[PDB]
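**Q** This one is entry.pdb, PDB, C-alpha atoms.
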ATOM      1  CA  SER A   1       0.000   0.000   0.000
ATOM      2  CA  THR A   2       0.875   3.675  -0.228
ATOM      3  CA  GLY A   3      -0.504   7.024   0.901
ATOM      4  CA  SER A   4      -0.081  10.581  -0.360
ATOM      5  CA  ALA A   5      -1.359  13.727   1.375
ATOM      6  CA  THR A   6      -0.868  17.420   0.793
ATOM      7  CA  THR A   7       0.588  19.453   3.646
ATOM      8  CA  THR A   8      -0.223  23.180   3.853
ATOM      9  CA  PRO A   9       1.469  26.029   5.760
ATOM     10  CA  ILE A  10      -0.686  27.360   8.615
ATOM     11  CA  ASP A  11       0.251  30.983   7.955
ATOM     12  CA  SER A  12       2.253  33.311   5.711
ATOM     13  CA  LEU A  13       5.521  32.531   7.541
ATOM     14  CA  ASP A  14       5.387  28.730   7.258
ATOM     15  CA  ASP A  15       5.338  28.514  11.068
ATOM     16  CA  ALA A  16       4.044  24.942  10.758
ATOM     17  CA  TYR A  17       2.304  22.681   8.256
ATOM     18  CA  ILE A  18      -1.018  20.863   8.572
ATOM     19  CA  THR A  19      -2.070  17.655   6.848
ATOM     20  CA  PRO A  20      -5.631  16.298   6.816
ATOM     21  CA  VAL A  21      -6.097  12.983   8.634
ATOM     22  CA  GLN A  22      -9.234  10.810   8.713
ATOM     23  CA  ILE A  23     -10.028   9.341  12.140
ATOM     24  CA  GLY A  24     -12.865   6.983  12.996
ATOM     25  CA  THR A  25     -16.018   5.697  11.315
ATOM     26  CA  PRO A  26     -17.601   7.665   9.746
ATOM     27  CA  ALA A  27     -14.420   9.655   9.136
ATOM     28  CA  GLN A  28     -13.708  12.716  11.233
ATOM     29  CA  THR A  29     -11.116  14.814   9.394
ATOM     30  CA  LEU A  30      -8.658  16.711  11.578
ATOM     31  CA  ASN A  31      -5.712  18.811  10.404
ATOM     32  CA  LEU A  32      -2.620  17.510  12.147
ATOM     33  CA  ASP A  33       0.963  18.730  12.467
ATOM     34  CA  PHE A  34       3.162  15.879  11.220
ATOM     35  CA  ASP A  35       6.156  15.875  13.559
ATOM     36  CA  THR A  36       9.267  13.774  12.852
ATOM     37  CA  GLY A  37      10.608  14.941  16.237
ATOM     38  CA  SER A  38       7.970  13.218  18.400
ATOM     39  CA  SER A  39       6.051   9.957  18.542
ATOM     40  CA  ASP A  40       2.516  10.630  19.818
ATOM     41  CA  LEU A  41      -0.603  11.024  17.667
ATOM     42  CA  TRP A  42      -2.783  13.279  19.809
ATOM     43  CA  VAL A  43      -5.880  15.290  19.044
ATOM     44  CA  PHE A  44      -8.148  17.954  20.370
ATOM     45  CA  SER A  45     -11.289  16.082  21.380
ATOM     46  CA  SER A  46     -14.684  16.098  23.030
ATOM     47  CA  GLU A  47     -12.695  15.450  26.245
ATOM     48  CA  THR A  48     -10.530  18.579  25.989
ATOM     49  CA  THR A  49     -11.154  21.150  28.739
ATOM     50  CA  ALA A  50     -13.647  23.519  27.101
ATOM     51  CA  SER A  51     -11.764  26.722  27.973
ATOM     52  CA  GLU A  52      -8.694  25.307  26.194
ATOM     53  CA  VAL A  53     -10.471  24.822  22.861
ATOM     54  CA  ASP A  54     -10.597  27.896  20.608
ATOM     55  CA  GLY A  55     -11.546  27.102  17.012
ATOM     56  CA  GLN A  56      -9.968  23.652  16.599
ATOM     57  CA  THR A  57     -11.816  20.727  15.078
ATOM     58  CA  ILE A  58     -12.291  18.017  17.691
ATOM     59  CA  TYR A  59     -12.350  14.226  17.578
ATOM     60  CA  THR A  60     -15.439  12.785  19.282
ATOM     61  CA  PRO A  61     -14.808   9.097  19.938
ATOM     62  CA  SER A  62     -18.429   8.453  20.990
ATOM     63  CA  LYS A  63     -19.440   9.234  17.375
ATOM     64  CA  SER A  64     -17.009   6.680  15.903
ATOM     65  CA  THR A  65     -18.262   3.101  15.636
ATOM     66  CA  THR A  66     -14.659   1.836  15.517
ATOM     67  CA  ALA A  67     -13.335   3.764  18.550
ATOM     68  CA  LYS A  68     -12.415   1.777  21.645
ATOM     69  CA  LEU A  69     -11.104   3.132  24.941
ATOM     70  CA  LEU A  70      -7.620   1.775  25.634
ATOM     71  CA  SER A  71      -8.400   1.016  29.230
ATOM     72  CA  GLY A  72      -6.065   2.503  31.821
ATOM     73  CA  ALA A  73      -3.811   4.220  29.295
ATOM     74  CA  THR A  74      -2.748   7.830  29.762
ATOM     75  CA  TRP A  75      -0.265  10.111  28.037
ATOM     76  CA  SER A  76       1.566  13.349  28.787
ATOM     77  CA  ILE A  77       4.076  15.134  26.591
ATOM     78  CA  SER A  78       6.240  18.226  26.781
ATOM     79  CA  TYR A  79       7.822  19.711  23.679
ATOM     80  CA  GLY A  80      11.073  21.601  23.156
ATOM     81  CA  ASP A  81       9.225  24.903  22.843
ATOM     82  CA  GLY A  82       7.745  24.532  26.326
ATOM     83  CA  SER A  83       4.266  23.505  25.186
ATOM     84  CA  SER A  84       2.495  20.405  26.496
ATOM     85  CA  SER A  85      -0.625  18.260  26.437
ATOM     86  CA  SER A  86      -2.024  15.166  28.160
ATOM     87  CA  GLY A  87      -5.016  12.873  28.312
ATOM     88  CA  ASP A  88      -6.280   9.344  27.739
ATOM     89  CA  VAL A  89      -6.234   6.987  24.754
ATOM     90  CA  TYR A  90      -8.536   5.352  22.213
ATOM     91  CA  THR A  91      -7.748   2.983  19.400
ATOM     92  CA  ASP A  92      -9.436   3.761  16.097
ATOM     93  CA  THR A  93      -9.002   3.632  12.334
ATOM     94  CA  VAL A  94      -6.709   6.337  10.990
ATOM     95  CA  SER A  95      -6.119   7.141   7.330
ATOM     96  CA  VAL A  96      -3.610   9.494   5.734
ATOM     97  CA  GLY A  97      -3.810  10.176   2.029
ATOM     98  CA  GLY A  98      -5.524   6.865   1.323
ATOM     99  CA  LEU A  99      -3.317   4.740   3.606
ATOM    100  CA  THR A 100      -5.309   3.152   6.432
ATOM    101  CA  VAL A 101      -4.177   1.800   9.800
ATOM    102  CA  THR A 102      -6.641  -0.030  12.021
ATOM    103  CA  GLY A 103      -6.120  -0.064  15.783
ATOM    104  CA  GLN A 104      -4.009   3.105  15.827
ATOM    105  CA  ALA A 105      -3.565   4.726  19.236
ATOM    106  CA  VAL A 106      -5.319   8.085  19.100
ATOM    107  CA  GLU A 107      -4.374  10.083  22.172
ATOM    108  CA  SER A 108      -7.282  12.265  23.268
ATOM    109  CA  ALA A 109      -6.293  15.516  24.969
ATOM    110  CA  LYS A 110      -7.911  16.389  28.255
ATOM    111  CA  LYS A 111      -5.517  19.337  28.698
ATOM    112  CA  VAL A 112      -3.414  21.391  26.295
ATOM    113  CA  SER A 113      -1.096  24.313  27.004
ATOM    114  CA  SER A 114      -1.841  27.851  25.899
ATOM    115  CA  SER A 115       0.240  27.724  22.702
ATOM    116  CA  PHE A 116      -1.983  24.941  21.388
ATOM    117  CA  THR A 117      -5.224  26.662  22.388
ATOM    118  CA  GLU A 118      -4.078  29.864  20.717
ATOM    119  CA  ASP A 119      -3.393  28.134  17.407
ATOM    120  CA  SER A 120      -6.813  27.457  15.900
ATOM    121  CA  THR A 121      -5.330  25.860  12.764
ATOM    122  CA  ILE A 122      -3.680  22.818  14.420
ATOM    123  CA  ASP A 123      -6.067  20.088  15.610
ATOM    124  CA  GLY A 124      -3.285  17.880  17.024
ATOM    125  CA  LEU A 125       0.033  16.226  16.188
ATOM    126  CA  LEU A 126       0.977  13.078  14.318
ATOM    127  CA  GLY A 127       4.362  11.873  15.515
ATOM    128  CA  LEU A 128       6.795  10.290  13.068
ATOM    129  CA  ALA A 129       9.909   9.816  15.221
ATOM    130  CA  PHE A 130      10.694   6.367  16.646
ATOM    131  CA  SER A 131       8.076   4.635  18.785
ATOM    132  CA  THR A 132      10.520   4.423  21.701
ATOM    133  CA  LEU A 133       9.615   8.084  22.423
ATOM    134  CA  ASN A 134       5.865   7.455  22.626
ATOM    135  CA  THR A 135       4.547   8.648  25.999
ATOM    136  CA  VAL A 136       1.570   6.313  26.526
ATOM    137  CA  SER A 137       1.647   4.567  29.900
ATOM    138  CA  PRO A 138       1.637   1.823  31.066
ATOM    139  CA  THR A 139       1.755   0.280  27.575
ATOM    140  CA  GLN A 140       3.789   2.284  25.051
ATOM    141  CA  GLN A 141       2.109   2.654  21.656
ATOM    142  CA  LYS A 142       3.363   2.656  18.073
ATOM    143  CA  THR A 143       3.373   5.547  15.634
ATOM    144  CA  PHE A 144       1.196   5.605  12.543
ATOM    145  CA  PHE A 145       4.281   4.889  10.412
ATOM    146  CA  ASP A 146       5.400   1.981  12.591
ATOM    147  CA  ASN A 147       1.910   0.456  12.365
ATOM    148  CA  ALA A 148       1.698   0.980   8.594
ATOM    149  CA  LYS A 149       5.234  -0.109   7.759
ATOM    150  CA  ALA A 150       4.735  -3.804   7.078
ATOM    151  CA  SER A 151       1.885  -3.060   4.654
ATOM    152  CA  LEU A 152       3.779  -0.386   2.736
ATOM    153  CA  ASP A 153       5.278  -1.108  -0.689
ATOM    154  CA  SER A 154       8.596   0.192   0.733
ATOM    155  CA  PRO A 155       9.211   1.021   4.430
ATOM    156  CA  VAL A 156       9.653   4.754   3.877
ATOM    157  CA  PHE A 157       7.942   8.087   4.083
ATOM    158  CA  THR A 158       8.990  11.336   2.434
ATOM    159  CA  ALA A 159       8.616  14.985   3.387
ATOM    160  CA  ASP A 160       8.425  17.562   0.600
ATOM    161  CA  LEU A 161       7.618  20.824   2.383
ATOM    162  CA  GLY A 162       6.900  23.969   0.385
ATOM    163  CA  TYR A 163       8.223  27.482   0.826
ATOM    164  CA  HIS A 164       5.121  29.648   1.237
ATOM    165  CA  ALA A 165       3.241  26.898  -0.650
ATOM    166  CA  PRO A 166       1.714  23.451  -0.129
ATOM    167  CA  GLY A 167       3.828  20.311  -0.272
ATOM    168  CA  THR A 168       3.444  16.573   0.196
ATOM    169  CA  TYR A 169       3.903  13.696   2.639
ATOM    170  CA  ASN A 170       4.110  10.319   0.884
ATOM    171  CA  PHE A 171       4.084   6.913   2.574
ATOM    172  CA  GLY A 172       5.462   3.750   1.015
ATOM    173  CA  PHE A 173       7.058   5.105  -2.167
ATOM    174  CA  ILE A 174       9.584   7.608  -3.446
ATOM    175  CA  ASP A 175       8.161   9.968  -6.094
ATOM    176  CA  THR A 176      11.047  10.200  -8.546
ATOM    177  CA  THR A 177       9.398  13.228 -10.216
ATOM    178  CA  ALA A 178       9.507  15.287  -7.002
ATOM    179  CA  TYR A 179      13.236  16.056  -6.880
ATOM    180  CA  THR A 180      16.171  16.923  -9.104
ATOM    181  CA  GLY A 181      19.426  15.017  -9.425
ATOM    182  CA  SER A 182      20.045  12.121  -7.044
ATOM    183  CA  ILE A 183      19.115  11.390  -3.424
ATOM    184  CA  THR A 184      22.093  11.227  -1.063
ATOM    185  CA  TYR A 185      21.578   8.867   1.846
ATOM    186  CA  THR A 186      23.239   9.285   5.231
ATOM    187  CA  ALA A 187      23.381   7.235   8.440
ATOM    188  CA  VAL A 188      20.887   7.623  11.270
ATOM    189  CA  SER A 189      21.277   7.016  14.980
ATOM    190  CA  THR A 190      18.055   6.033  16.721
ATOM    191  CA  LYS A 191      19.666   6.094  20.179
ATOM    192  CA  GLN A 192      17.721   9.184  21.284
ATOM    193  CA  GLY A 193      14.548   8.169  19.398
ATOM    194  CA  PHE A 194      15.024  10.805  16.696
ATOM    195  CA  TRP A 195      15.974  10.849  13.030
ATOM    196  CA  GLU A 196      19.465  11.881  14.100
ATOM    197  CA  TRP A 197      22.213  12.292  11.516
ATOM    198  CA  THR A 198      25.503  14.122  10.927
ATOM    199  CA  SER A 199      25.813  16.913   8.396
ATOM    200  CA  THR A 200      29.232  17.242   6.778
ATOM    201  CA  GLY A 201      29.457  21.038   7.014
ATOM    202  CA  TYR A 202      28.148  24.364   5.827
ATOM    203  CA  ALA A 203      28.645  27.473   3.736
ATOM    204  CA  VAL A 204      27.285  31.006   4.054
ATOM    205  CA  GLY A 205      26.192  32.651   0.827
ATOM    206  CA  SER A 206      28.826  32.276  -1.885
ATOM    207  CA  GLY A 207      31.484  31.538   0.734
ATOM    208  CA  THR A 208      33.731  28.516   0.920
ATOM    209  CA  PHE A 209      32.368  25.294   2.382
ATOM    210  CA  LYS A 210      33.517  24.478   5.912
ATOM    211  CA  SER A 211      33.918  20.744   6.442
ATOM    212  CA  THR A 212      32.772  19.992   9.970
ATOM    213  CA  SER A 213      30.533  17.338  11.524
ATOM    214  CA  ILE A 214      27.210  18.683  12.814
ATOM    215  CA  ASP A 215      25.044  16.107  14.578
ATOM    216  CA  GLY A 216      21.357  16.997  14.572
ATOM    217  CA  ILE A 217      17.791  15.823  14.038
ATOM    218  CA  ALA A 218      15.505  16.063  11.028
ATOM    219  CA  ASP A 219      12.431  17.587  12.675
ATOM    220  CA  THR A 220       9.397  18.614  10.633
ATOM    221  CA  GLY A 221       7.688  19.843  13.811
ATOM    222  CA  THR A 222      10.271  22.566  14.482
ATOM    223  CA  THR A 223       9.969  25.770  12.444
ATOM    224  CA  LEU A 224      13.565  27.011  12.399
ATOM    225  CA  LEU A 225      17.113  25.767  11.855
ATOM    226  CA  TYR A 226      19.013  25.508  15.170
ATOM    227  CA  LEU A 227      22.791  25.078  14.856
ATOM    228  CA  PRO A 228      25.911  25.601  16.991
ATOM    229  CA  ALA A 229      26.601  29.175  18.048
ATOM    230  CA  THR A 230      29.800  29.288  16.000
ATOM    231  CA  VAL A 231      27.932  28.443  12.775
ATOM    232  CA  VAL A 232      25.062  30.824  13.512
ATOM    233  CA  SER A 233      27.425  33.709  14.326
ATOM    234  CA  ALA A 234      29.255  33.122  11.035
ATOM    235  CA  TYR A 235      25.940  33.333   9.154
ATOM    236  CA  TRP A 236      24.610  36.511  10.789
ATOM    237  CA  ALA A 237      27.975  38.269  10.543
ATOM    238  CA  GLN A 238      27.248  38.468   6.799
ATOM    239  CA  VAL A 239      24.081  40.537   7.398
ATOM    240  CA  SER A 240      24.664  44.213   8.145
ATOM    241  CA  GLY A 241      22.999  45.205  11.397
ATOM    242  CA  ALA A 242      22.094  41.675  12.502
ATOM    243  CA  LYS A 243      22.494  40.949  16.198
ATOM    244  CA  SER A 244      21.447  38.537  18.880
ATOM    245  CA  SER A 245      18.756  40.073  21.052
ATOM    246  CA  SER A 246      18.233  38.552  24.486
ATOM    247  CA  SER A 247      14.989  40.546  24.787
ATOM    248  CA  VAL A 248      13.536  39.145  21.556
ATOM    249  CA  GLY A 249      14.985  35.659  22.053
ATOM    250  CA  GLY A 250      17.477  35.266  19.217
ATOM    251  CA  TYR A 251      19.020  36.802  16.161
ATOM    252  CA  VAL A 252      17.198  39.685  14.525
ATOM    253  CA  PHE A 253      18.129  41.641  11.439
ATOM    254  CA  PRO A 254      17.023  44.815   9.631
ATOM    255  CA  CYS A 255      13.939  44.085   7.544
ATOM    256  CA  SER A 256      15.641  46.048   4.741
ATOM    257  CA  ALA A 257      18.346  43.364   4.399
ATOM    258  CA  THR A 258      18.861  40.888   1.603
ATOM    259  CA  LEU A 259      19.727  37.612   3.353
ATOM    260  CA  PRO A 260      22.468  35.287   2.071
ATOM    261  CA  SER A 261      21.748  31.642   1.399
ATOM    262  CA  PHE A 262      22.914  28.890   3.744
ATOM    263  CA  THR A 263      24.270  25.570   2.491
ATOM    264  CA  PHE A 264      24.445  22.356   4.520
ATOM    265  CA  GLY A 265      26.277  19.164   3.622
ATOM    266  CA  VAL A 266      24.789  15.698   3.260
ATOM    267  CA  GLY A 267      27.754  13.463   2.602
ATOM    268  CA  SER A 268      29.442  14.931  -0.480
ATOM    269  CA  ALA A 269      26.153  16.567  -1.538
ATOM    270  CA  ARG A 270      24.966  20.070  -0.724
ATOM    271  CA  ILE A 271      21.503  21.480   0.049
ATOM    272  CA  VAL A 272      21.094  25.222  -0.477
ATOM    273  CA  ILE A 273      18.607  27.162   1.652
ATOM    274  CA  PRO A 274      17.762  30.410  -0.189
ATOM    275  CA  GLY A 275      18.081  33.569   1.867
ATOM    276  CA  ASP A 276      14.366  34.302   1.668
ATOM    277  CA  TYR A 277      13.654  31.049   3.554
ATOM    278  CA  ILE A 278      15.533  32.531   6.533
ATOM    279  CA  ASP A 279      13.220  35.575   6.839
ATOM    280  CA  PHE A 280      10.561  35.222   9.557
ATOM    281  CA  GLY A 281       9.350  38.781   9.276
ATOM    282  CA  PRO A 282       8.822  41.625  11.726
ATOM    283  CA  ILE A 283       9.299  40.742  15.393
ATOM    284  CA  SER A 284       6.011  42.549  16.099
ATOM    285  CA  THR A 285       3.504  44.091  13.719
ATOM    286  CA  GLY A 286       4.968  47.139  11.980
ATOM    287  CA  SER A 287       8.503  46.648  13.306
ATOM    288  CA  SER A 288      11.526  47.119  11.055
ATOM    289  CA  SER A 289      13.385  44.444  13.047
ATOM    290  CA  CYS A 290      12.906  41.000  11.516
ATOM    291  CA  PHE A 291      13.355  37.591  13.124
ATOM    292  CA  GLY A 292      15.959  35.200  11.757
ATOM    293  CA  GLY A 293      15.301  31.656  10.644
ATOM    294  CA  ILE A 294      18.713  30.339  11.711
ATOM    295  CA  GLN A 295      19.187  30.405  15.488
ATOM    296  CA  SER A 296      21.610  29.018  18.041
ATOM    297  CA  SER A 297      21.025  25.565  19.513
ATOM    298  CA  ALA A 298      23.112  26.444  22.569
ATOM    299  CA  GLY A 299      21.106  25.411  25.595
ATOM    300  CA  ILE A 300      18.698  23.228  23.578
ATOM    301  CA  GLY A 301      21.166  20.391  23.869
ATOM    302  CA  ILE A 302      20.708  19.272  20.261
ATOM    303  CA  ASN A 303      20.961  20.746  16.775
ATOM    304  CA  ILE A 304      17.669  20.788  14.888
ATOM    305  CA  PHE A 305      17.219  20.675  11.125
ATOM    306  CA  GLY A 306      13.699  22.086  11.244
ATOM    307  CA  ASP A 307      11.423  23.284   8.466
ATOM    308  CA  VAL A 308      13.775  26.067   7.276
ATOM    309  CA  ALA A 309      16.261  23.387   6.274
ATOM    310  CA  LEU A 310      13.926  20.563   5.319
ATOM    311  CA  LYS A 311      11.762  22.623   2.979
ATOM    312  CA  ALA A 312      14.850  23.232   0.800
ATOM    313  CA  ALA A 313      15.005  19.472   0.120
ATOM    314  CA  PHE A 314      13.095  16.346  -0.774
ATOM    315  CA  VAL A 315      13.656  14.218   2.345
ATOM    316  CA  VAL A 316      13.415  10.433   2.614
ATOM    317  CA  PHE A 317      12.806   8.914   6.032
ATOM    318  CA  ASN A 318      13.899   5.331   5.397
ATOM    319  CA  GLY A 319      12.500   3.025   8.079
ATOM    320  CA  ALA A 320      14.232  -0.123   6.899
ATOM    321  CA  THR A 321      15.770  -2.407   9.544
ATOM    322  CA  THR A 322      18.735  -0.042   9.606
ATOM    323  CA  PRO A 323      17.136   3.386   9.164
ATOM    324  CA  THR A 324      18.725   6.092   7.005
ATOM    325  CA  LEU A 325      17.867   9.588   5.779
ATOM    326  CA  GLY A 326      17.969  10.753   2.174
ATOM    327  CA  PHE A 327      18.191  14.318   0.872
ATOM    328  CA  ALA A 328      17.770  15.609  -2.673
ATOM    329  CA  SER A 329      17.561  19.090  -4.127
ATOM    330  CA  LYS A 330      14.252  20.000  -5.784
TER
END
When written as structure tokens, how does the structure in this file appear?

**A**
Amino acid sequence: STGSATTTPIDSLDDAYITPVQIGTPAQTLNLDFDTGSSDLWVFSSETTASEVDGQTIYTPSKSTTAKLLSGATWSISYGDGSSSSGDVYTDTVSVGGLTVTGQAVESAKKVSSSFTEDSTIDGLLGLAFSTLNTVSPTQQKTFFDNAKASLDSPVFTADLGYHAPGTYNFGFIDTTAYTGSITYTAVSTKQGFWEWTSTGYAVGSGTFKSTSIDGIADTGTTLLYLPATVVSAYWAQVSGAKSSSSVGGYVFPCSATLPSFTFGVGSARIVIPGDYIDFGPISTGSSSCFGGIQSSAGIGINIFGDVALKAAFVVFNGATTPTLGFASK
């Protein structure tokens, strides 16, 4: 089997991407944030504290003839950005782009933090990291991909995120029309439960490539590119007037600037992030200070190849017995 679904930016900055997902019988369609940095499929629901729902579409398990309470199971997750959610668990039928999993754990939120409430466009998350990170207790549950894998034509999914435009998540096949040149594959460590890999270096604008190993995670659920302070300083030094602002929470730059590109290495291959992808716009409405899309990972504890990086590539998440990651230009 295969599946193919369009993923759409939630706003004009590409802060996140939503993908429609069918849950239950008859189908209830919710728009979920596909997150290769976590491993829980959780939804706003009829059980979510009413004051914490503001415009989201909810899953109502009592209206699904295939929903079953997973008795005794609870979940609770905290994300890198400080947000969180928790609740109980149902199993139900879940379909993405024509690919159906029966008996998928659907984690129903009883509580969500303010960041989730305040984002009316995201109805929940669909985790695509390794199932070892799943938070369901006392019986850990599998991700949608893990459940689907054996049925797939090939044990892969691909992320093809757009810049200010829709893109695609495919399951079970590699669309050879969706990228240019060849796909370069690179090793993955699953030791921390992430799609963790080592970039071979970077360049800023038309500058020379610096060969240096940068360990980090491919994370569709993180907006920006978070890299070591040395790398980030080298980038922003090429933008007149750019500075790190403790008050704003990272690097800012004059909105009048033209940003240089940023290149990262995948083996001997190179992925180029155009400068415009690094512009996250005014820090507040009407400001002439703009927020940068490359930020320091210092104090996160890990480097994160988030959407800024991934949307410059066609990315293969290869879930074969020994997982790997593939990157192509597009």

**Q** Might you spell out which residues the PyMOL selection byres ((chain A and resi 295) around 8) would select in the displayed file, as a list in words?

**A**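 Output of the PyMOL selection byres ((chain A and resi 295) around 8): residues 224, 225, 226, 227, 229, 232, 250, 251, 292, 293, 294, 296 and 297 of chain A.
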
**Q** Quick check on the file I pasted: which residues fall under the PyMOL selection byres ((chain A and resi 168) around 12)? Write them as JSON, numbers by chain.

**A** {"A": [3, 4, 5, 6, 7, 8, 9, 17, 18, 19, 20, 34, 96, 97, 157, 158, 159, 160, 161, 162, 163, 165, 166, 167, 169, 170, 171, 174, 175, 178, 311, 313, 314, 315, 316]}

**Q** Which residues of stretch 173-211 of chain A come within 10 Å of stretch 114-130 of chain A, and what is each one's closest atom pair and distance in Å (one decimal), counting all atoms listed in the file, sorted by chain and residue number, as JSON lines?

**A**
{"residue": "A:190", "atom": "CA", "partner": "A:130", "partner_atom": "CA", "distance": 7.4}
{"residue": "A:191", "atom": "CA", "partner": "A:130", "partner_atom": "CA", "distance": 9.6}
{"residue": "A:192", "atom": "CA", "partner": "A:130", "partner_atom": "CA", "distance": 8.9}
{"residue": "A:193", "atom": "CA", "partner": "A:130", "partner_atom": "CA", "distance": 5.1}
{"residue": "A:194", "atom": "CA", "partner": "A:129", "partner_atom": "CA", "distance": 5.4}
{"residue": "A:195", "atom": "CA", "partner": "A:129", "partner_atom": "CA", "distance": 6.5}
{"residue": "A:196", "atom": "CA", "partner": "A:129", "partner_atom": "CA", "distance": 9.8}

**Q** Please evaluate the PyMOL selection byres ((chain A and resi 271) around 9) against the displayed coordinates and give the resulting residues as a ChimeraX atom specification.

**A** /A:262-266,269-270,272-273,309,312-313,327-329

**Q** Quick one: residues within 10 Å of residue A:321, only C-alpha atoms, excluding same-chain residues fewer than 3 positions away - as number ranges by chain?

**A** A: 155, 318, 324

**Q** Pick from A:241, A:98, A:216, A:45: nearest to residue A:189, with all atoms listed in the file counted?

**A**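 That would be A:216, the residue with the smallest distance to residue A:189.
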
**Q** Have a look at A:132, A:288, A:102, A:213 and name the one nearest to residue A:38; count only C-alpha atoms.

**A**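 The answer is A:132, which sits nearest to residue A:38.
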
**Q** If I take atom CA of residue A:214 and atom CA of residue A:300, how far is one from the other in Å, to one decimal?

**A**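 Rounded to one decimal, the two atoms are 14.5 Å apart.
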
**Q** How many Å separate atom CA of residue A:183 from atom CA of residue A:142?

**A** 28.0 Å

**Q** Pull the closest atom pair for each residue of stretch 234-317 of chain A that gets at most 12 Å from stretch 61-81 of chain A, along with the distance in Å to one decimal, counting only C-alpha atoms, ordering rows by chain and then ascending residue number, as a tab-separated table.

**A**
residue	atom	partner	partner_atom	distance
A:297	CA	A:80	CA	11.3
A:299	CA	A:80	CA	11.0
A:300	CA	A:80	CA	7.8
A:301	CA	A:80	CA	10.2
A:302	CA	A:80	CA	10.3
A:303	CA	A:80	CA	11.8
A:304	CA	A:80	CA	10.6

**Q** For each of A:29, A:256, A:230, A:60, take the minimum atom-to-atom distance to residue A:242, counting only C-alpha atoms, then give the residue where this is smallest.

**A**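 Using only C-alpha atoms, residue A:242 sits closest to A:256.
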
**Q** Do you have the atom CA of residue A:36-atom CA of residue A:94 distance handy?

**A**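 Atom CA of residue A:36 sits 17.7 Å away from atom CA of residue A:94.
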
**Q** Would you please work out which residue, of A:239, A:105, A:298, A:320, is nearest to residue A:188 when using all atoms listed in the file?

**A**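 Selected residue with least distance to residue A:188: A:320.
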
**Q** Excluding residue A:319 and residues on its chain fewer than 4 positions from it, collect all residues at most 9 Å away from it, counting all atoms listed in the file, and give them as a PDB file with C-alpha atoms, keeping the file's coordinate frame.

**A**
ATOM      1  CA  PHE A 145       4.281   4.889  10.412  1.00  0.00           C
ATOM      2  CA  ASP A 146       5.400   1.981  12.591  1.00  0.00           C
ATOM      3  CA  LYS A 149       5.234  -0.109   7.759  1.00  0.00           C
ATOM      4  CA  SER A 154       8.596   0.192   0.733  1.00  0.00           C
ATOM      5  CA  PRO A 155       9.211   1.021   4.430  1.00  0.00           C
ATOM      6  CA  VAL A 156       9.653   4.754   3.877  1.00  0.00           C
ATOM      7  CA  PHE A 157       7.942   8.087   4.083  1.00  0.00           C
ATOM      8  CA  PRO A 323      17.136   3.386   9.164  1.00  0.00           C
ATOM      9  CA  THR A 324      18.725   6.092   7.005  1.00  0.00           C
ATOM     10  CA  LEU A 325      17.867   9.588   5.779  1.00  0.00           C
TER      11      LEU A 325
END

**Q** I'd like to know which of A:281, A:306, A:286, A:205 is closest to residue A:260, using all atoms listed in the file.

**A** A:205

**Q** With distances taken over only C-alpha atoms, which of A:249, A:24, A:274, A:201 is nearest to residue A:104?

**A**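 The closest residue to residue A:104 is A:24.
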
**Q** How big is the axis-aligned box, and where does its centre sit, when it encloses all atoms of stretch 69-82 of chain A listed in the file and has 3 Å added on every side, reported in Å to one decimal as lines of an AutoDock Vina configuration file?

**A**
center_x = 0.0
center_y = 13.0
center_z = 27.3
size_x = 28.2
size_y = 29.9
size_z = 15.0
